[PDB]
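Next up: a single chain in C-alpha cells, the form deposited in one PDB entry.
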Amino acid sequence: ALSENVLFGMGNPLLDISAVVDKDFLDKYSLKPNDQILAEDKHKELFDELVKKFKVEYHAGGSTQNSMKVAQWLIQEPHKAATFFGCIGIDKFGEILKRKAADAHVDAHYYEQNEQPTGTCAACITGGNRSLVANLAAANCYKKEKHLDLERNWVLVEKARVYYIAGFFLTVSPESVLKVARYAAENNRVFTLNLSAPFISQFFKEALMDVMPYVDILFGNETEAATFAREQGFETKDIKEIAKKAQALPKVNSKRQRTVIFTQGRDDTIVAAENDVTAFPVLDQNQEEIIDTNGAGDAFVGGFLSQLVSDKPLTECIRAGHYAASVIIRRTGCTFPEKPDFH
C-alpha cells in the first residue's frame, strides 16, 4: 500500500469555473465562442459576473494540479497520495478551491497572500462551444521562502517518491523548482518535468536548462519538442531524434537513466530511454467523440504518474496516461467521472 504524499507536485493553481452562458455575456467580454485566452484588462470582472449571473460548477485546476488530481483519481487509495503546493488569494475563490482540492483527495497546501486574488479559469459554454479565459493572478505570487522552505511544508516534499512540476512554474519560482530537483537528486528519487509550452523553451531556457540535469522523466508534446530542439541547437526536426538527444543531455543522478516522453496528439507517443526509442500507438481514434482537448496532456501525465508511483512497467504507465487522456477529452476541461475504469 502506497504511503500518503508519495507523489508531489507544485505549480500554478487555478479555480476552474464552468457554466453555460449566453450571447450577451460573450459579447460583453468580447469572446468568440471558442476563444482560449489569458485575461486582459476587459476581463477582470468576468469571473465575479459569471458566478453572480449563472449556475456554475467548480473544479481544482491549473496544469500541475490537474495532473495531481488525475493521478490521485487513478491511485484511489490512500486519499492524499498526491501533494500539491502553489499560491492562492485570501478570498472566496481561494476557499472554494481548497474545498475542491480536498474533494479531489489531493493534499493541497497553498501559500496564501492578500495582494492578488486566487487564479481562475472560466469555461464559458454555449451549445457545443466553450470559451476559455484564464487569469493566473495569485498563482504568479508563490514565495519559496514563505512556503516551501517552512519545515511543515518541506517535510511533505521529503515524503515523496516521485516529483512532478510543470515547466510553467519556471516562470514563477524557478528557485523552488531547483530546490525540489536538487533534493530528488540527493536522495535518488524520481524528478519529472513538463516542457509545458513552446514559450518556456524560448524565453525561460536558462531556468529550463538549469533544471534539466535533474530530470529523470521529461514530458512534452511535439510542438514543445520542436521548439526545444531549435533553441538547444539539436539540428534535427525528427521527433524520435529530438527525444534521443534530449535523453542524452547531461544528468547528475546516474543511478537513474533519463526517459523522454513526447505525445503527438493522435500520433504515437514517443519514448526515448537509455538504449532505444519506442513508439506507443494511441488506440483511441474516435475523433468525432472528442469534445475538448484542454487538459489532455495534463491527464496523460497524471495517468502516467499514477502507475509510476507503484513502479509499474513503462507500458502500464503509458497505457494509464492514454486512458486518462481519453476520458478527459470527452468532457469539458480536465474532469472525470467519480471512479476510474482502468484495468
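Heads up: residue numbers just count along the shown sequence, starting at 1. So that the term is clear: the rigid core is the largest set of C-alpha atoms that superpose within 1.5 Å between two forms.
Below, we turn to the form deposited in another entry, even though it does not appear here.
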note = After a rigid core superposition between this form and the one not shown, the exception among 170, 75, 157, 124, its Cα shifting by 2 Å or more, is 124
task = Using a rigid core alignment, state whether the CA of residue 326 is displaced by 2 Å or more between this form and the one not shown.
result = no
ask   = Any CA movement of 2 Å or more for residue 18 between this form and the one not shown, core superposed?
value = yes
inquiry  = Using the rigid core as the reference frame, would you say residue 208 shifts its C-alpha by 2 Å or more between this form and the one not shown?
reply    = no
query = in the other form, do the Cα atoms of residue 110 and residue 51 sit closer or farther apart than here, given a shift of 3 Å or more?
reply = farther
request  = Look at the CA atoms of residue 49 and residue 108: state whether they lie closer or farther apart in the other form than in this form, given a difference of 3 Å or more.
outcome  = farther
